[PDB]
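Q: Experimental structure and its sequence below.
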Amino acid sequence: XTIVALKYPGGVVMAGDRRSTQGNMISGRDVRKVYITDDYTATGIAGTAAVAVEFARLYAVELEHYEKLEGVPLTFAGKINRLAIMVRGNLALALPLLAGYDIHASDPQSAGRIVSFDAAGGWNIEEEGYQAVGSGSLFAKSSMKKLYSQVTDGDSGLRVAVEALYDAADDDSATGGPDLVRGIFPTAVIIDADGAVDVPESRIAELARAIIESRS
Amino acid sequence: XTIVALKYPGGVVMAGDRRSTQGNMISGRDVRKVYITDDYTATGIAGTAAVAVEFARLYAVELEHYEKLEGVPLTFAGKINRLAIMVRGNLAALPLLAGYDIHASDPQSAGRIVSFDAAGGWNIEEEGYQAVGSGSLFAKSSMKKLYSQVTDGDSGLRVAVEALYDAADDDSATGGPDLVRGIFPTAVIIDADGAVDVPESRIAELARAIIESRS
Amino acid sequence: XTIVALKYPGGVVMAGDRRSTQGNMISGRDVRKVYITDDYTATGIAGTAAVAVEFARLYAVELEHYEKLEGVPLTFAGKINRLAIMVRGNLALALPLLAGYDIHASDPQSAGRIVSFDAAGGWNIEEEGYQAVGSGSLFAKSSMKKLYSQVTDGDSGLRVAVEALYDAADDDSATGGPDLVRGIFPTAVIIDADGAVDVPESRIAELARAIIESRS
Amino acid sequence: XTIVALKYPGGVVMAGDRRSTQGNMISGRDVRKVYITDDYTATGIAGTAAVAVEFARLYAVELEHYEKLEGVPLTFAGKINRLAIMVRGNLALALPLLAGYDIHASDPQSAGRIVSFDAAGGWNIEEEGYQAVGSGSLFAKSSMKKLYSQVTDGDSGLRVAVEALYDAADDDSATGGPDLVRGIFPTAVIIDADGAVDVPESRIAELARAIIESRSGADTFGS
Amino acid sequence: XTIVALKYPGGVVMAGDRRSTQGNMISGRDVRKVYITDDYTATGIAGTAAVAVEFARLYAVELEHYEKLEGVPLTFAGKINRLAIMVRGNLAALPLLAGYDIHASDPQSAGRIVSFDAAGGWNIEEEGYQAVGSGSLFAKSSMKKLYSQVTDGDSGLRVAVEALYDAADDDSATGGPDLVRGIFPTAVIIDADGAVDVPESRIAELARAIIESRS
Amino acid sequence: XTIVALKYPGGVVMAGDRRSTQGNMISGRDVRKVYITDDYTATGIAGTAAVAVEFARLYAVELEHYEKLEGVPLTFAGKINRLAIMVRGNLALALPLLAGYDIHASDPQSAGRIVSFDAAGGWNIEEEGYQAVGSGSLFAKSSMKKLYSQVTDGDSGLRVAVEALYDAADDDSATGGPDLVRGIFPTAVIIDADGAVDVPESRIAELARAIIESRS
Amino acid sequence: XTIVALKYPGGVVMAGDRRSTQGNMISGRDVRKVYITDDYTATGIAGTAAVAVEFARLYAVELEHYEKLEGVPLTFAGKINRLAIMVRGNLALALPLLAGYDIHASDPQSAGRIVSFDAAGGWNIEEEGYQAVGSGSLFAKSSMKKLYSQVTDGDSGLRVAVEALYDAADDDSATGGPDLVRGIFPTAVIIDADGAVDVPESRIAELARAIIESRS
Amino acid sequence: XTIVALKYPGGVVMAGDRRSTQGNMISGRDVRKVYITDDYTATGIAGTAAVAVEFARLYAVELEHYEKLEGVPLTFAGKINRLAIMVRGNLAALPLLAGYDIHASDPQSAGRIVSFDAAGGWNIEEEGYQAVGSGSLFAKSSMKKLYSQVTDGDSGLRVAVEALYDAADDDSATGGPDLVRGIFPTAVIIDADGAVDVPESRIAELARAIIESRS
Amino acid sequence: XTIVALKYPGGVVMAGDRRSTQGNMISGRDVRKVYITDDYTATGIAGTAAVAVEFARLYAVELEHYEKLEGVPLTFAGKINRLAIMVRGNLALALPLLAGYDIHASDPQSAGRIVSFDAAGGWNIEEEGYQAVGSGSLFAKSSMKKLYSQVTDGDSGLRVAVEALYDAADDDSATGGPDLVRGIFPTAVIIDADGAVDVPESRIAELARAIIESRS
């Protein structure tokens, strides 16, 4: 499976595929892996439907718990720290990709944030513009490398994220491509100054068919 | 990967997917797994391009070698025996053989399907269809519900394509019809007139109707 | 062993075979694996008689314990959460299949629910209409795939569930088929807006006879 | 899988189920495990279609090979010896059950012979009247133990062999019972003074349906 | 070793052999494996004299402990539950429980047989009989052919002794009736009037008759 | 299983049980383990029917082979030597017990011979009067120890041999006792100056039945 | 290390990096991995300098051996077969990538051939236009995937091959990038109707400098 | 990865590369491994971004915690001791501490370099320089030949950068200066006025100079 | 132990230390590891006295064997080939460092040759000017890297070789430094157009004393 995230001027986009496999067997076709965790963040886990929703749920509870207790949300660094504590506490096997928007950053155009976790449970702020986790991560990053220069805005950032997932699926049998027969497409979240919002299934569908039409 | 074979009145059909994998990665998209080995037989191996082509080439040479030396082809039972000897000598994947016995008393049921188990033992199929590979269970269960629709060569071919489609739908290691690249399963059809490669165009038309039908 | 569950307009049906084996030996012929756990839920486990009944008993006590303590039943999401907690706590073995009817969903015809658990103890709300667990699950699912379009009501839902179990037994020696000599047939639960009810053995018997007759 | 053999007055009968499994999966429903090997012998292997047929084929070639070379068949003891040599040489797995009729034995009524092979490849002449090999063999033997007193000729012999296989399937998921939907039933060979002959499917099909009808009536009476 | 239990009209009978082995050596000839655990139950363990007696003693203590505390005996389901809790607590040697439910609606079928699998799970036996131990498969296959003869307590007891005889005949770890030393299987019979130990004299007569009929 | 052999004034007797087991299961009730190998020797193996018969057959062939080639039988030392070569060659498993009568020994009363083989294939001429091999050997030897003083001829010798086998069965579940129901009893060979002869089943039945009545 | 090959209108190009490593240590900086094996073929091995030179030498001898003995070169299918026999004989390690031009093909524009070998020693005629082997193969292939539409002739074919190697080095520490300090660049062979020729270091040097300047 | 530290007259310099790898794959290009921990110390870890920052953060918290509680900073020996306790507690991957002891009598040599061995044992480096990581031997052998050129903070920083350059030139796991992306080693310089981060522009200039010199 | 080799304008020089160790213990102080193998070659092995001399002896016999049989020496490429064959034959241990002068090369100033062998037995022609093998090879190469620009002739080349060995011994306890108490110094061979000659111990001693004085 593959989760991708990328920064564009004004925000960040995270997209995840819909497959789950048990060996060579397809065990899921609608797995939702990316979830909004707070007004300005979203988590993506390249694992099972349960691992992805249970992690996001516990994390969202922790963020809101702080907000109610202290009257104000944690700073972006504090959100990463709580996440890192949660990830290290679970390893003592899949790791989170966090997308966020820092409402306190001085430059709004680059306030988008991508944070990844390595095998040992260590956090990493991504400074190259994009990142990907999971079995098709390399194919997705190599695809984004050649396409990232086309990212000038929210929509274009979303096309590139869908095209990276398409490339991941094209080369990794463990990542699910757009399913035109069943109408199932990658999920995605977009975060900017106005907050985190789920991208409509219809918008991703049009982007996925444009890619398919273009490659045909 | 998946190879299917089915019997239809007056013939047999064998079809194979086009994928190859190395762990989770797609290493091949146009792998040819089914090959005509003599006028009346075809072999299919649920493995790499090389194992499938090399096994068929050696088998084809052995069948033609006998015909030139003795002046007549081996009987169907002798073809299986040579195949079994070749498989057992290699274990010290597994092939699926489709054939047509020109000497059987009933032309309509002269189609033959022979599979091989893990220990290298042969098996003449009597239920009408067989499948080998990682998606064989899905293919077999699909053919179980569709076989009653096989009345001739064409509907046999359609069921073989749909069985492969179902194998791909549920097995990530088997490749479905690729409409973007125009790559489809390969197939061989054997009847009293001999073994012939099925044209890509017909497979593509059938694959399109199956997709449209499921959509 | 095989347990199947499928959604039909207005409800859900869960059915299980009656076999139990110890290696190649048939150790049981009347094993009941599906149990009603509350007015709107049923659980099925592809294991021994004791695992299936003990799990169902503990789960039924937990749902009623909540209802008596707080005066109202848990929501459907709460029922799954309690089930997930119980499953993850036992993994410290066969996975439960949950069938339910959410009396609080906005749409009554699609209010039927099917929840499965993976090897790691993770829950999954099934969205494709049916699901199966156990040694004959792949044969039952491939059978349901070809027969699902025939489900238009509870009776046609019941028949497809029995036929999926029949196909599971036909290809998997660990799943028991209908025993006409002893009069032993798969058990089944049907849940709709009026609650969960055990399907009478006689109707399963007639459905099994009709499947056998048409295959003959 | 289960193979059974039993002696009846004037002969012997050997019967085998039709299933093959790969773990819990049913891989075969038409497996033929019992084969005539010469005019007076048959072999049965509780294994795959190929092991059963390949072993029988090699054994039959060996018996006929001797007959063509020496002008006369091996004695019964010589057939067992050749068989044992072939089994011990393959232990370099399922063990065969051989059924035969010794045309040179003094008493024709008891001239039926059953020979089994243990894990170490050692032969055993059965002297209790019956034997079974395979995963359902204990269920088949315990069934024959209670039914053997009913064996008085070829037909009752065949019937008890079919019931023993039925009982093996009833308790062992790796042994296949009669399939009334597909019309598939156990195969059998019967050997007497006139030689070895394959039992027709029709009589085995009738006997299997009769066993099922009796069991079904007995079950209703019991409840 | 082998323990057998069977239901008969109006009750249930449980019987056990008397042997104990250490590898191939006979270490015991008068091992008592079946014990009355309360007025309506008995347990049998296919193990050593100590395991059989110690488990039965602890179970009987627990049943009477409840009765003295609460004033009434546990229901039959409760007795199974306590037994299962005791078995699972010992595994983290599989008992056969035979009983008579005085509260069941139909007295003729009120007999109960409960077994335990390797994982410690309970199973109410609905087929009429059950057996545990190294000779259990032989005893069950014998009862399968003889159960139609069970019409009352005496014929139930006869079938139970013959199933044990057949277990011994085929399993060297189960002891047959020893006519030289006068040692025979032990048995308990439970009906509406409660659990009673069957006198050695009736078992001896049955064994002698079984032996005579086989000679 | 058990094989016993004992010397009596004038000769030697060797007896064996009839059981064969596969774990705890009785696989044979009729196994013959003792065979006459030439006019003055017999072998017994506490193993399967095939091992016992096959060894004896090969040994008998070898002894007769020498006699035809050389015109005279091997001396007793030569017979033991050929046996040892055969045993050491098969260890390149159960061990044979040879019972013989040396027709050239000067004292005919003590001309009886018993030769055993240890785990490493080494031969041993027994000098204590008796020997036993197999799973019930210690029980048989300890029984012969207390009964040996009653051995004065072939008949009291045969009786002691049957009683030792009965004691072996009484304490070792792998050794078969006299089966009165089926009429199956231990086999026995007695060798003296007139050669080796199979003891009639009727003499063994009479001895076994008497040991039984006496202990009753 | 990485070797790449691609087909262009009228021929084929193969290029290899120059690094060799022993664990994390750089053990070589001028390793030549691609060699012309006959007038119309070249081999590349993603291994040490010795493995790449020795394999190429033996293969070249074998091809010329046939030509001197038979008077004519092997057909391209015969060249692949001899190669496969050599590879399978050594696997009883790194696998070769063959680049060739079939002078006997009917369409000259597409006569370029690329043959790869899998872990089991099996040959594969690449039909997708390009292939790569070694530790940076995946990065090189994902780069070529996006750049292949730019290959219209030999020069643009050579440029993409160099850019694919650059991309492999950029992401895989085991593959060597262009060393401007030492003046060491990837090597390359180009094969068309006029035969196999070593591409001059100067052309590869210009192509690598333009690639670097455009990434800057 | 490689971290280097060296003493110059009046202070100490510590520099780290920017790469991270997962086997042979480059996973990071901008990893920061060297952190100022207090007004007079810096730590460098030849590991991942996270291990480096987390270790430095915890150590910085512990130094400042002491200062607020006690009113005065720990002595340099006390800072080493707290670091050692922290390192030994994490083994029940190894840091390089650079510092300046404001309390030492001779200001010119008050720079301090402390390393940790595999067993968690501390070592005050008394030869002038040290390096940890996969390229450490190459870096130390380079500094051995260049150390005589260190007469001040600037020449000290230049030798630190050239040692890192040599580590990358011979170890694929250490990243060299990336002129395409404009990413260079990071560095901290500590003297009597405290620990300060070295501007990237200053490092980039040195790196270009080394590259121009070698070409 | 360490062996170093470097090319100077007009030839090549190879030098080796004199220590041998059995674990932490010094077992040898006068081990000669570098030997002249023919008029234009020398081999050095970072191993025991016997391995170094036995290898050199077998290799020297092979080169002279060819010369006597065919009348002319092998070409340089053929000498390497024979050496590689000998190395691969011994691996199916410490690896040979070969120093030589190709008297048939067009440019005599660069005719010096250095050939190393990797763990797998593969040969490598060194193009960077110097090479080293053994436990102190990395220290020697990093020292030569900084000092190589000083090599302008035979004498300065010899000084740099001795100073590389000095640096190896300074950082590696298994490599032996110059021993002033016993008068034992590294051995060395120098090869140019006039052939291979052993460097006199007195010249090495003066260079070693100058290096020691300079570091003091």
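A: In hand now; what should we look at? Residues are numbered from 1 along each chain as shown, chains lettered A, B, ... in the order given.

Q: and the gap between residue A:71 and chain H?
A: Residue A:71 is 25 Å from chain H, where distance means Cβ to the nearest Cβ, to the nearest Å. C-beta: built from backbone N, CA, C; applies to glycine.

Q: What is the neighbour count of that residue?
A: Neighbourhood size, residue A:71 [other Cβ atoms under 10 Å in any protein chain shown]: 7.

Q: And it, its phi and psi?
A: phi 90, psi 0 (degrees, to the nearest 10).

Q: Residue A:8 versus residue A:109, what's the distance?
A: Residue A:109 sits 9 Å away from residue A:8, going by Cβ to Cβ, to the nearest Å.

Q: The residue lying closest to residue A:41 once chain neighbours are set aside bridge partners, please.
A: Excluding the flanking residues, the one nearest residue A:41 by Cβ to Cβ, 6 or more residues apart in numbering or on different chains is residue A:100, at 4.3 Å. Note on residue A:100: beta-bridge partners by DSSP bridges are residue A:41, residue A:113.

Q: can you pull the contacts of residue A:100?
A: By Cβ atoms under 8 Å, 6 or more residues apart in numbering or on different chains, the residues touching residue A:100 are A:12, A:40-42, A:76, A:79, A:112-115, A:191.

Q: again, but for residue A:95
A: A:45-46, A:87, A:116-119, A:121, A:133.

Q: Mind doing that once more with 10 Å?
A: A:3, A:45-47, A:55, A:87, A:116-122, A:133-134 (Cβ atoms under 10 Å, 6 or more residues apart in numbering or on different chains).

Q: list the contacts for residue A:108?
A: Going by Cβ under 10 Å, 6+ apart, residue A:108 touches A:9-11, A:101-102, A:192-193.

Q: what's around residue A:102, how many residues?
A: Residue A:102: 18 neighbours (other Cβ under 10 Å).

Q: Need the nearest residue in space to residue A:37, chain neighbours excluded.
A: Leaving aside its sequence neighbours, residue A:37 sits nearest to residue A:60 (Cβ to Cβ, 6+ apart; 4.5 Å).

Q: I'd assumed residue A:40 was in contact with the one you found.
A: No - in this structure, residue A:60 is not within contact of residue A:40 by Cβ atoms under 10 Å, at 11.9 Å.

Q: Comparing the two, which residue is more hemmed in?
A: Set side by side, residue A:60 and residue A:40 show more neighbours around residue A:40, with 25 against 17, by other Cβ under 10 Å.

Q: returning to that earlier point: who has more neighbours, residue A:109 and residue A:8?
A: Taking other Cβ under 10 Å, residue A:109 and residue A:8 do not tie; residue A:8 has more neighbours (25 against 13).

Q: Look up how far residue F:144 lies from the more buried one.
A: 98 Å.

Q: burial measure for the closest residue to chain E within chain A, as a count.
A: At 24.1 Å from chain E, residue A:22 is the closest residue in chain A, using Cβ to the nearest Cβ. Using other Cβ under 10 Å, residue A:22 has 11 neighbouring residues.

Q: cool, residue A:36 as well?
A: Residues near residue A:36, counting by other Cβ under 10 Å: 19.

Q: so who does it touch?
A: Residues near residue A:36 by Cβ under 10 Å, 6+ apart: A:14, A:42-43, A:56, A:60, A:99, A:189, A:191, A:195-198.

Q: Can you point out the buried residues in whichever strand or helix holds it?
A: If you go by DSSP states H and E, residue A:36 is part of strand A:34-38. Buried residues in strand A:34-38, counted by 16 or more other Cβ atoms under 10 Å in any protein chain shown: A:34-38.

Q: who are the neighbours in contact with the residue of chain A closest to chain E?
A: A:28, A:48, C:118-119.

Q: For it, which residues count as its bridge partners?
A: Applying DSSP bridges, one finds that residue A:22 bridges with residue A:25.

Q: Where do the helices of chain A begin and end?
A: A:49-70, A:76-91, A:137-147, A:154-171, A:201-215 (DSSP state H).

Q: quick one, the longest one and strand A:34-38 angle?
A: Looking back up the chat, that one is helix A:49-70. Using axes from the mean of the first three to the mean of the last three Cα atoms, to 10 degrees, the inter-axis angle of helix A:49-70 relative to strand A:34-38 is 10 degrees.

Q: again with the second one
A: Taking the same axes, to 10 degrees, one finds helix A:76-91 and strand A:34-38 inclined to each other by 130 degrees.

Q: Helix A:76-91 and chain C, any residue contact?
A: No - using Cβ under 10 Å from any Cβ of the partner chain, helix A:76-91 never reaches chain C; the gap is at least 12.5 Å.

Q: what's next to that helix, contact-wise?
A: Residues from elsewhere that reach helix A:76-91, judged by Cβ under 10 Å, 6+ apart: A:37-38, A:40-41, A:43, A:51, A:55, A:58-59, A:62-63, A:65-66, A:73-75, A:95-96, A:98, A:100-105, A:111, A:113, A:115, A:117, A:119-125, H:50, H:54, H:57.

Q: let's see it at 6 Å
A: Contact with helix A:76-91 is made by A:62, A:102, A:115, A:117, A:121, A:123, as judged by Cβ atoms under 6 Å, 6 or more residues apart in numbering or on different chains.

Q: Max pairwise distance over these: which two?
A: Distance extremes for the contacts of helix A:76-91: the farthest pair is A:102 and A:121 at 22.6 Å, using Cβ to Cβ.

Q: count of neighbours near residue A:14?
A: 30.

Q: Looks like it contacts residue A:37 (just checking).
A: No - under the criterion of Cβ atoms under 6 Å, residue A:14 is not in contact with residue A:37, lying 10.9 Å apart.

Q: For the residue in chain A positioned nearest to chain G, give its distance to chain D.
A: As assessed by Cβ to the nearest Cβ, chain G sits closest to residue A:142 within chain A, at 3.4 Å. Per Cβ to the nearest Cβ, residue A:142 is found 40 Å from chain D.

Q: Much appreciated, bye for now.
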